[PDB]
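This is what each chain is made of:
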Amino acid sequence: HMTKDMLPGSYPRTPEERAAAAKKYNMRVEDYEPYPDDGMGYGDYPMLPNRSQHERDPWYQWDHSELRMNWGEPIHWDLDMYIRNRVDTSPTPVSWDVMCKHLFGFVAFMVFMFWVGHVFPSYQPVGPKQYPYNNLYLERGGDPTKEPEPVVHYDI
Amino acid sequence: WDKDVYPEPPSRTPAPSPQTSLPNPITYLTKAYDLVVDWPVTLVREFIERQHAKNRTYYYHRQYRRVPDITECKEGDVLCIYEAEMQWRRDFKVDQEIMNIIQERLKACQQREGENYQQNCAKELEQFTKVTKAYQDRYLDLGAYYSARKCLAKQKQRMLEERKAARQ
Amino acid sequence: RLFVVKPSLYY
Amino acid sequence: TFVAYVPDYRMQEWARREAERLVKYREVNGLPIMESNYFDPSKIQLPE
Amino acid sequence: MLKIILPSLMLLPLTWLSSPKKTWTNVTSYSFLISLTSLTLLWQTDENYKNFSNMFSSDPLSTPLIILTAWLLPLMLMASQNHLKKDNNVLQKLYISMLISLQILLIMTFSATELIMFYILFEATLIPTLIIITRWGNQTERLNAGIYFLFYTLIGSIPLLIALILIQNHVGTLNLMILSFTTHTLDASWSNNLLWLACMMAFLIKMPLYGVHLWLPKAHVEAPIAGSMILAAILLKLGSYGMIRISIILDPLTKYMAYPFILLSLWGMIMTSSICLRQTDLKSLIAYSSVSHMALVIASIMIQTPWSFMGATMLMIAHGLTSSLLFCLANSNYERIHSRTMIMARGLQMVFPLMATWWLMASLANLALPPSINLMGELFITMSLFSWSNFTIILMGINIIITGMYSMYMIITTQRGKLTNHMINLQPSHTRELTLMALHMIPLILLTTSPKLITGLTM
Amino acid sequence: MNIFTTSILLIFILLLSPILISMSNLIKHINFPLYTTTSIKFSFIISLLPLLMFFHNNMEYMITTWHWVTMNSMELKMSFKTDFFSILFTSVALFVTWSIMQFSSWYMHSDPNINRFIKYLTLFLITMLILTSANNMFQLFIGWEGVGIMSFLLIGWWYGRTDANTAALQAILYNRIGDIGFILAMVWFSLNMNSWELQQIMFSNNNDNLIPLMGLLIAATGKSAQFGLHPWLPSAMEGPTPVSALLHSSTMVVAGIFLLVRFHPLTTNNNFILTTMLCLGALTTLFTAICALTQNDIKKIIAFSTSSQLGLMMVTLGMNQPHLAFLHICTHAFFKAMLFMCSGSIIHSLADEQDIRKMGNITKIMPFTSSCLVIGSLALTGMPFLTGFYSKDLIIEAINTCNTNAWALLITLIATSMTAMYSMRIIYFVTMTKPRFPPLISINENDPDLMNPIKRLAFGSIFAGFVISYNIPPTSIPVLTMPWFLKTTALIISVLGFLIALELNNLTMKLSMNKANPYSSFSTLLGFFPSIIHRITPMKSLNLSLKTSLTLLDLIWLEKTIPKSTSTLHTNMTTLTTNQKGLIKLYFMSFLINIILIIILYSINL
Amino acid sequence: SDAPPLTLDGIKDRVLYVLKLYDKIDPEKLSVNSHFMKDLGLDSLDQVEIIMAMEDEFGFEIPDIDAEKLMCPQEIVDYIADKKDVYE
Amino acid sequence: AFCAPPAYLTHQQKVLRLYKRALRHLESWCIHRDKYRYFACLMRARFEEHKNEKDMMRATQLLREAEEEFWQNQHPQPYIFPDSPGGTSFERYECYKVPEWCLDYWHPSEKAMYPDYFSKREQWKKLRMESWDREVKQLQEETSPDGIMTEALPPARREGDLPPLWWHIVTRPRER
Amino acid sequence: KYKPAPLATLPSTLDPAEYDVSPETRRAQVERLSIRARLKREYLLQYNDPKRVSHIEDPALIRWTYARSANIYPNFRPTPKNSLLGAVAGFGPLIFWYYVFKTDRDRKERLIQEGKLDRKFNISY
């Protein structure tokens, strides 16, 4: 069962309200810190670290073993993208800047060389394959009433 | 199966030249099939057709008498408009089915000609382009609320344009 | 030879 | 059962039959299969 | 048509006087008999539309809705048979009576010709819905939800009526197919433009765009299974049917009186499909999906192409059935738990092994898995819109993708995880709810098989 | 002309029959896996007949079984096109699936829902056969999406392996991103030619017809593995090995290429596609070979190899050798499946340790799987006569013999080397070094259901390539006039790969301590491409779906604007009109103002 | 290809095998309760390497929370038994 | 994974965990067990060098340099243990790891067979209700009003009677 | 070496603010522990509570849903950059798409009026 006192409210501008809000959300004051006040609706729901849920201690037998979250432990406002079937902030041995740099450099090099090779291609030192009947001008639709350029092919 | 409608071009079958010292499998295979499968199936088909013939039944084809057209139909009055518009819907449906027939015959011709579809499969394509210019100039930009009135407006605007062109 | 826990399945 | 054994729903069968017959007729008689003008342009009359 | 109505007008006294131990079964079976008899309309041998009097009529675009309604009635009944189990016999009888009145009104309107009769019925649809939603909900905001519903609908209703009057006076009569055989063209001035508005604004406010989609979630959430069913299935379809039947006159206005509405419909489809990803409330997710599909319906209705109309009808029917089914499933998972939230119950499919295959078979029909009337409609409508412009496949594809995403998100946060350990209240599946799922599904199979019935005017 | 259609429908009827049995009550009494395996065997024996009749007549066939609808000059019907491609692909797929089903019947004991697994497999099989032997692009889309969803389920069979759900979601997203372009093609054709069928589409052999080709191209990149949309192939490996082979060695990826080749007639008159098929497919022969040098998981390595081969085939398409591409699909399937089969045997013998890093001495401890694995490795390298050659080496002829872009050719040959590289990597780390696995041992491979399938598949992977290369009609005109250093390039370069892999694997010893170098770290981490994409794109898209749409539009403004505004307005007007106190001294003054107003109005208006 | 499960006698014999192949301090005579730090004067390094060797011997992994607290072969065996649910 | 950790940690456990992590990553880098033993002995010497030191300054400095060196020279794709996170068996069987309370809703036509086992469930649950209330006072009596508690759980200080909160641990299904 | 990011946070160990030995910070940690232990014990006095015929209510979950669903407009206060982002999302893209479509349609219309655009086979539309 629930009640207004147990539910959220407005931005507490006084420690008097802040401490009660914290003991309600089952937290500690000095850690409690709400969102800024730009009137987007955050209200007074705590601002928590923007961490995913692959980070949490995976060994402890959490109650919500799919979320690694305990019973009353406040819930990150953006959990829907940290449900662990989604975005992962699992830190990387390599770093953000360096990985993006590597990738972009590689891809640029590849596409540049592809353009290079299209401008200066390869080909076998021969000419174009021949075709007997005006390049088969009939079998390519053509028409039975038109004598176009007589394409004669010679020997060497 | 009106063959005058569906051509079914001839079948220039080849001949067998099995020059080797080994037997054709298809011979025995198809012989055994035509033996064991077609026999019972054919007997059953004859049984069914005999029961049919003994308790035969017929059915005819509905011939819709014709009626006046939208032209000879005074505005405001309706009865005429209805007996014309429904006839026109019938004609529309028949033309659509004609299109289907053309397309079917075309795909047939194509496959049956194989890789030579660019040379021997060009006749039917001309019937197609012609029929399609017709179906376009008739039923292109009407709208799901299409009807004889809108088709007639189309025809009339097109006639006026052609006539202005002719006169200049 | 052990048990195997499971739901009803009769319904 | 009722539905599956409904006949010629919206004439999609009678129409196929009719198109076959008409195409036979016209292919034989030499007419084209579809004229680009539906109503008789004679009975019709236009302004200038 | 009386052969369809009169018995539906007899189920009422039947319910009133029948004994408690038997009213449920009696009324249910007889409503099924009504559903059966409702197929006589399908003997559409030839193209000559059916007309029974100056007061009724049928058509290929209406018959489907009629049968679907007469067949969603008993499903509402059944799905409304475990809750209100501790509510008095008189109260549950009232509930049945309201459902039946909804059925009768919807039939009479989807059949009627005169748009004024259509309108009075379109507005009488309310009272039973408002009641069902206020007197049988499970939360408190149901009141505000009903208010929004009612007043959106009536604001729409008014100028529609005023334009019907202007018509009835300028033109001689309002009967359909006479409006057709004696329509005309308009000088295309601000007068006729505002007339186009006052004629389409109500149907649109009902079939929600991006701008006025607000009363749908509140309804489908605060209201019970039957109200949710009927909303997601028909009370939207009424706007579509009205628009189809009425746009016949306003040519050509609808060429340039559409760009804003098409734009809004597409953008709203996209934004709502996105919200369907991060909307906790399951029923709210379903409602926004419904918005995403009805936006396609509208974009296909405006531009007036035959492919478009057939796709609209296909997708219409498909969404109706599929949404009723998804809502049955939601309710099911709710009665055992009493919390709509998606992330509370998780990792099922270990105790409801079958039900999943009634969850799965729905999503696949939402994300347009073929062969389904759903995809046939989506695809024909995308074809029409591609013809109308080459730069709409973009939005079609974005929507298809986001749907393929959130359908599976829903499957996977309720039937793919690992089972909780404090949901001891998981009463196994009831034959009743399994039956409801099967009945919502099977017709999808039969119609995927033979859809010629479900095409529309142009086929 | 009646036996043919009889067989072509009988195979589908056979595959149906089990599924039907699934509905019934016999399963609890019957050995469903053996039932299905044998039905599949007889389906294969049936499918064989078409091959004989086709090689003896070379007569393609086209059929229209059932008429679905008639949608006003655009009909629909269940149409099949039994030509070389599909009539051969059916037989190959069944020859593989029979063995796979035996392997599963042996590999998935101790699991209850095995009959469920089998039903899912045969359902996918039916859908793939539909896609293969289908003509109407609609039937083809049916196959497409059914394959997609079947793969979803199979990757997720263990619905607690959390990351498996995400892998399946990846797969669905990318397959839909392909379906986009496919629907684009369907629409363009239904508009510009009124039909969906290849017969009536072939007549588009003259126009620009570039948008539908781009659509089919995106469909290929999606359903197959290519640069933009490969990342879903490595993750599937999270699922079981039988499906990680079937659905990701010879099926669900060859689909896109099958589509392109069925549409080849229109790709010979578009010199842009002919090019983009090289800057897209050859590249993948590098961006995965790299990732196929340090990856430890057997299945991941094999999947990257598969992506490499598929890129190679898209390249040969780009340069117009489609029948070559198809033959390579056929051959490639055999050994790319036997490899996963052997790997599954290895794993089940051990305690679920895919990692090469914890296995060795496999030759002595298990000769059979090692012999077969070496067969497959050398066949993939391109050994001269193991059914790999008979496609790979003709392809490597054409690639240098035609006017192919330089960088494309070059990275393609580099990849042809990296093949041998990671093959010998498998060999060394698994079959030649010491037994670095745990002490306990319960090996067993003398079981027939696991020893016979590999035997049959090895015979196939050794013979069928040659048989086909000598029995098929000679579609194209080859080129048999070039220098030796261009006719034997693949051979030479694969031998080079062997030597280099030996040198380096032997360098792994010598107490040469390692160092985290960036090239190798990149290779191992796929290139960081997933690490950034799957971590920013979701985040931004979801944060937008929340901030702007949900809150800032659908809960804030579209309510503050219409309803709450009306509320405030009417509320204030009511406050005004009922702020009145009961004083006649005021009511009468008001009456008087009104009287004055009325008099003045009449006076003005006369 | 599943081998049979594990029993207490097998576990104990294996653990003794390994802790005897150990060379640093074990005088080749380990009491089942031969406490490492107390009754054998071992080091934290040695104990941790023992835990790691056991992890490798039994495939699975032992978490730090309990690796740091295990100070008895009997305790290791009790842990393994309560993890694999042996001795029906 | 049964016992819970303390809030804070100590230099001891920090260094131990760094050691185990580095040794696993080394087993991964250098495959052959001989090379692994070699470099592990080298790391052991590196540690025993500074072991005896105790100055918190040098402690923190060495630890924070060690973590940086570790994170900068670790293995990109390490050696995960299958039965543990990251592996290819984690949760693989949770789809089959049903709990018991699914039992109650069986049908009698089914629990007709398997009769013996259901002859013992009752005497197990009977072993629960008869000794539940007591398991509460043991805490509500020892719920030290000081109000500074950990997640540990005291045993049955009496004999015969059972401990507190054994249900959520006992009956936990097998691993299979 | 390494730098932080909004995605790849600075892992546990490297964090300079960790390894701190502050008595106040350690006391805060132990207070968090007291809290979490009280929570888990209150939860376990219900997970196993016999005679139970129901489930548990997650008030954190309920409050999260309340704050995402219905506590929004009341605590909402309009300001600029907010009205701005809203008007943007509500106007901009619609109008962009609209100019696109109108230009395309006018191109098509003038093309046809000229009588050029190849419409062969566009029989169904």
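Cut-offs used in this document
Residues numbered from 1 in each chain as written, not as in the entry; some residues may be left out. Chains lettered and ligands numbered in written order. Part of a larger assembly, values for the part shown. Heavy atoms only, no water. Helix = DSSP H or I, 4+ residues; strand = E, 2+ residues; numbered from the N terminus. Rg over C-alpha atoms; globule rule 2.2 N^0.38 Å. Buried < 20%, exposed > 50% of the residue type's maximum accessible area, 1.4 Å probe, protein only. Contact = heavy atoms within 4.5 Å. Areas by Shrake-Rupley, 256 points an atom, 1.4 Å probe, with all protein chains shown as cover. Disulfide = S-S within 2.5 Å. Polar contact = N/O pair within 3.5 Å; in protein donor to acceptor, adjacent residues only side chain to side chain. Salt bridge = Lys/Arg side-chain N within 4 Å of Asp/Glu carboxyl O. Pairing = 2+ DSSP bridges. Buried area = accessible area lost by both parts, 1.4 Å probe. Nonpolar A, V, L, I, M, F, W, Y, C, P; charged D, E, K, R; others polar. Core = buried A, V, L, I, M, F, W, Y, C linked by side-chain atoms within 4.5 Å. Domains from an automatic or database assignment. Expected span 1.5 Å × (residues − 1).

For this deposited structure, the header cites cryo-EM as the method used and 3.82 Å as the resolution.

*Asks:* I'd love a proper account of the overall build of chain G, names of residues and values included.
*Replies:* Along the backbone of chain G there are four helices and zero strands. Against the 2.2 N^0.38 benchmark of 12 Å for 88 residues, chain G shows a C-alpha radius of gyration of 13 Å, consistent with a compact globule. For chain G, the spread of C-alpha atoms along the three principal axes comes to 40 × 25 × 20 Å. Each of the 88 residues in chain G was classed as buried or not, and the buried ones make up 48%. Taking the contacts inside chain G whose residues are at least 6 apart along the sequence as the reference set, 46% of them involve residues at least 24 apart. Split by element, the accessible area of chain G, about 4,600 Å² in all, is 55% carbon and sulfur.

*Asks:* Tell me about the state of the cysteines, and please be specific about residues and values.
*Replies:* Two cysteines joined by a covalent bond between their sulfur atoms form a disulfide. Residues and elements named next belong to chain H. For the structure on display, the rule yields one disulfide over all chains. Take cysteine 95: it sits in no disulfide, and the sulfur closest to it among the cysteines is that of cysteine 102, at 14 Å. Take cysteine 95: its relative accessible area is 3%, and that puts it in the buried class.

*Asks:* Go over the side chain of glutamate 66 of chain A, please, and point to the residues and values.
*Replies:* Looking at where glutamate 66 of chain A falls in the secondary structure, it is placed in the loop between α1 (15–25) and α2 (96–119). We classify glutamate 66 of chain A as buried; its relative accessible area is 13%. In this structure the side chain of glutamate 66 of chain A is engaged in a polar contact, spanning 2.3 Å, whose partner is the side chain of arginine 346 of chain E.

*Asks:* Please set out the pattern of salt bridges residue by residue, giving values where relevant.
*Replies:* Taken as a whole, this structure holds 58 salt bridges over all chains when the rule is applied. We note a salt bridge from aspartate 78 of chain A to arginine 278 of chain E, for which the minimum N-O separation is 3.2 Å. Here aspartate 78 of chain A, found in the loop between α1 and α2, pairs with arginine 278 of chain E, found in helix α13 (residues 259–278), and the two come from separate chains. Across the pair, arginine 278 of chain E and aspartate 78 of chain A agree in class, each one buried. Of the charged contacts, one joins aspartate 352 of chain F and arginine 92 of chain H as a salt bridge, the two residues approaching to 3.7 Å between their closest N and O atoms. Here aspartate 352 of chain F is found in the loop between α15 (322–349) and α16 (362–365), whereas its partner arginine 92 of chain H is found in the loop between α3 (56–72) and α4 (108–111) on a different chain. For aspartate 352 of chain F, a relative accessible area of 12% translates into the label buried.

*Asks:* I'd like a description of the arrangement of the chains, backed by residues and values.
*Replies:* With 22 pairs of chains in contact, the largest contact count belongs to chains E and F. The least C-alpha distance between chain B and chain C, which are not in contact, is 44 Å. In this assembly chain C lies apart from chain D, the nearest approach of their C-alpha atoms being 31 Å.

*Asks:* Run through the pairing of strand β1 (residues 61–70) of chain F, naming residues and quoting values.
*Replies:* Sheet analysis places β1 of chain F next to strand β2 (residues 75–82) of chain F, joined by seven bridges and oriented antiparallel. Paired with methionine 62 of chain F across the two strands is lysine 81 of chain F, which belongs to β2 of chain F.

*Asks:* Give a detailed account of the interface of chain F and chain E, specifying residues and quantitative values.
*Replies:* Contacts between the two partners involve 46 residues from chain F and, on the opposite side, 50 residues from chain E. Across the chain F to chain E interface the summed buried area is about 4,600 Å²; carbon plus sulfur atoms make up 76%. For chain F, the biggest contributors to the area lost against chain E are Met71, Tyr159 and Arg176 of chain F; these three give 16% of the whole. Here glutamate 559 of chain F and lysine 218 of chain E are joined by a salt bridge, their closest N and O atoms 3.1 Å apart. Broken down by secondary-structure element, the contributors of at least two residues to the side of chain F that touches chain E are β1, α5 (137–154), α6 (162–192), α24 (529–555), α25 (557–560) and α26 (563–577) of chain F. In terms of residues, the side of chain F that touches chain E owes the most to one element, α6 of chain F, which gives 14 residues. Looking at side-chain class alone, the side of chain F that touches chain E contains 31 nonpolar, 10 polar and five charged residues.

*Asks:* For the nonpolar core, give the residues involved together with the corresponding values.
*Replies:* Among the nonpolar cores identified, the biggest contains 426 residues, and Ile262 of chain E together with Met71, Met137, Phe138, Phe182, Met186 and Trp196 of chain F are the most heavily contacted of them. Split by domain, this core shows at least three residues from each of two domains, domain 1 (2–524) and domain 2 (525–606) of chain F. Residues within four places of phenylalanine 182 of chain F in sequence aside, it is in contact with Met137, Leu140, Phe141, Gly215, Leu216, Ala219 and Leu259 of chain F. Formed by 32 residues, the second largest nonpolar core is a distinct cluster that contains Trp88, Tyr146 and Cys151 of chain B together with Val23 of chain D.

*Asks:* Requested: an account of helix α14 (residues 282–302) of chain E, with residues and values cited.
*Replies:* Residues and elements named next belong to chain E. Across its 21 residues, α14 extends 31 Å between first and last C-alpha, which sits within 8% of the 30 Å expected from 1.5 Å per residue. The buried fraction of α14 amounts to 21 of the 21 residues, a majority that puts the element mostly inside the structure. Following α14 by one or two positions, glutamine 304 has its phi on the positive side, about 60 degrees.

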